[PDB]
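J.: Dumping the structure here so I can ask a few things about it.
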Amino acid sequence: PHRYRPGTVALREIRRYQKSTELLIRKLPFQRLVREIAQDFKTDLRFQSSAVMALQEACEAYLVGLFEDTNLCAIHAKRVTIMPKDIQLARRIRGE
Amino acid sequence: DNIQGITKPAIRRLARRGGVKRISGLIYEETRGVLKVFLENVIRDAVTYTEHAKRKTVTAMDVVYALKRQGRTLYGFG
Amino acid sequence: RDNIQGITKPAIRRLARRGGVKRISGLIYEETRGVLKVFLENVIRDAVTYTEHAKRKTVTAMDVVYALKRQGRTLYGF
Amino acid sequence: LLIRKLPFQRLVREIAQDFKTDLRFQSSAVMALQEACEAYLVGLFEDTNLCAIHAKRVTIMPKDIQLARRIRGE
Amino acid sequence: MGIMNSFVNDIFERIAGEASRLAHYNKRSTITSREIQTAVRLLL
Amino acid sequence: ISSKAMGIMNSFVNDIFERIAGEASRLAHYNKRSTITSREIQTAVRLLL
Amino acid sequence: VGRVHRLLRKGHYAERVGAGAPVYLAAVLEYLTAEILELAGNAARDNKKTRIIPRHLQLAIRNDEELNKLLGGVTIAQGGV
Amino acid sequence: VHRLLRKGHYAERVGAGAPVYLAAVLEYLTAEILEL
DNA sequence: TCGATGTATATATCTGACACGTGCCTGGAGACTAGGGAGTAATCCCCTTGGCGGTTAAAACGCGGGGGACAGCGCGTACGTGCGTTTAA
DNA sequence: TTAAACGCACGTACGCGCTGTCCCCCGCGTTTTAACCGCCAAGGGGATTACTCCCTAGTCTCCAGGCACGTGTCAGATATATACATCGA
């Protein structure tokens, strides 16, 4: 048989997704999520396709940055695995 | 309850874009709370601005106003 | 110049003690001095710019209040 | 105040001398800058202490300051 | 005492700012109670 | 140039325009003057940029 | 030049606007625009493309410390990281 | 509050309810801060 | 260490986003009456800069010794790579 | 109806707690520098007022610059054959 060593594929995925620029969350599931969330504020609300597209772009751009910040305070402990306390610390330091 | 629509592969892909090599099994349940709270805080403002105009259709510029008030100016939608 | 040496070790120790630091490494002092220098440089540059636009010769508290407000921190009492 | 007044006043006039000559300062502007600096440094050390505790250490070290500033985006 | 006297004018400027933004966003020539209420709902 | 790049440039120009007009108005209010002159714009430019 | 003056008068930025303000503001905006496009065009040539796209704007802005300092909070749609 | 609203050039016209509401909000928040 | 996997290149073919031309219209430009905000001039007088005498607060330099940081080893069980099942977009 | 998520067991790498050891925070002491208080000199510059003018707001005329609409074509695209780079037992 043939087999790649653990961790070699992870680098290939990192190199792949940082070169491309398409959206990464599924369009329909995200749209359904926005539709369900909006129902808590007002009935019979309507959303243009570009409003949901704007929300999607905002969420993907925010989460990528949050993971980038969390990785530094995860590595600071001389680890490679990121864990909940790293996110909690990054969010506490950002004051949000 | 559509929050389960945020599947594990999508979160892994986002973390991959951020350069994370190894991901703990607890990150998945941690991310959902962050995303839900962010979306609620953005939508409340967008709907408030849309209501100010007495319109019934939310428009992209209302969302731009919501993000701008929080310091998250978005370029690309005019 | 050498005037930067006027920020003595005991003052930094007192500040760190108020901040809850239990044990302080001997290398913290030079880093604190550099951080203080850059903060002062930016605030003074803004204050001087407002003073010069008004054609004044004395620098007043208002130029400092406006500089601090621009950097994103509000000072009450002046 | 916790920083000596006279050295800080000389520090202020030294910084100001780089921008404009023969400048003058009111008695309250220097103390205002002093209050601002003391609050800033207290806040930075408070933030650095969490980064130090994160490694289960007791001694705070420069890398904790650099990390706090890098995450803060300064 | 000066702290409170600054705090009041600061919040005044913040609320009046949001009321102005609400007016400009609709090209309206008059500020009304609806603008103030929306500004309060947007800030608080 | 693609249509989207021009679309982004339009928001870029509207942003910087509003920043400069903002600072120029604040400076004029601070000095208690009724009009905007090249001096106010120059000061706003030097402070924001 | 006229549009700037009209927007100033209609925006309530001030009750009066002098004659020299619009020429100065137009010169500033033109300078910044030429600076942005020159770099975007260089990045496009460096990518063997012939039409500029948002990705080139992101790459040009994030590689300059001054533009990046001015636009640190701005998010570019379809720009990515 | 009404005078500042007119002098601030926020709009060319100011309704009678705007300054009353703004004053009431400022007083409420001021008391809320002073109490805490 | 080379050969099994993966991503890059050179080619023919393709279709719909863009560069260009048109009619026409609403805003910009040229001329005037008008007037008040703003440039210049002058005085009053304060408060900032420069200096002196002196008395102890705080900073300075040793040195003693033990709390802590650090490199190292062992082990146990979490998450990574790949195959098959199956779900709804 | 095909490619997306969901599930399975295997297994090598990581996270975690133990020790041994030497160095450099902390504390007490004696000394010495200059921070600070109070009093003396004196002139550069801030705060208010009046003269009077020349730059900008409001009303009207007329025209050519720039908004909607239509055209048609070539720059970017999947798809192919395959090239050669990279990783492992």
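Numbers in chain A come straight from Swiss-Prot, and the residues shown are 39-134, in order.
This deposition comes from electron microscopy, 3.4 Å.
The backbone N, Cα and C atoms fix where each Cβ goes, and this holds for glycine too.
According to Swiss-Prot, the feature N6-acetyllysine maps to A:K57, A:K116 (among others). According to Swiss-Prot, the feature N6-glutaryllysine maps to A:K57 (among others), an assignment based on experimental evidence. Sequence annotations record features per position, and here Swiss-Prot assigns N6-succinyllysine to A:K57 (among others). Marked as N6-methyllysine by Swiss-Prot: A:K57, A:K80, A:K123 (among others). Taken from Swiss-Prot, the feature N6-lactoyllysine covers A:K57 (among others), and the record attributes it to similarity to another entry. According to Swiss-Prot, the feature phosphoserine maps to A:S58 (among others), an assignment based on experimental evidence. Annotated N6-(beta-hydroxybutyryl)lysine per Swiss-Prot: A:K80 (among others), in sequence order. According to Swiss-Prot, the phosphothreonine annotation covers A:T81, A:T108.
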J.: Given A:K123 (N6-methyllysine) and A:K57 (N6-acetyllysine), what distance in Å do their CA atoms have, once rounded to a whole number?
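T.: Each residue's Cα considered, A:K123 (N6-methyllysine) and A:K57 (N6-acetyllysine) end up 29 Å apart.
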J.: Tell me which of the modified residues A:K57, A:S58, A:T108, A:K116 ends up closest to A:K80 (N6-methyllysine) in space, Cα to Cα.
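T.: Closest candidate to A:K80 (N6-methyllysine), judged by Cα separation, is A:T108.
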J.: For the modified residues A:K57, A:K80, A:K116, which one has its C-beta crowded by the most other C-beta atoms within 10 angstroms?
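T.: Result of the Cβ crowding comparison: A:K80.
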J.: For the modified residues listed here, A:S58, A:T81, A:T108, which shows the highest count of neighbouring CB atoms within 10 A?
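T.: When each Cβ's neighbours within 10 Å are tallied, A:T108 leads.
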J.: Give me the count of other Cβ atoms within 10 A of the Cβ belonging to A:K123 (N6-methyllysine).
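T.: By my count, 15.
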J.: Which of the modified residues A:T81, A:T108, A:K116 has its Cα nearest to the Cα of A:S58 (phosphoserine)?
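T.: Comparing Cα positions, the candidate nearest A:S58 (phosphoserine) turns out to be A:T108.
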J.: Should A:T108 (phosphothreonine) be counted as helix, strand, or coil on the basis of DSSP?
T.: helix
J.: Can you grab the distance from A:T81 (phosphothreonine) over to A:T108 (phosphothreonine)? Cα atoms, rounded to a whole Å.
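T.: Distance (Cα to Cα, whole Å): 37 Å.
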J.: Can you grab the distance from A:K57 (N6-acetyllysine) over to A:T108 (phosphothreonine)? Cα atoms, rounded to a whole Å.
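T.: Roughly 21 Å, rounded to the nearest whole number.
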J.: Would you list the modified residues among A:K57, A:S58, A:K80, A:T81, A:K116, A:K123 that come within less than 8 Å, Cβ to Cβ, of chain B, in the order they occur in the sequence, writing 'none' if nothing qualifies?
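T.: Near chain B: A:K80.
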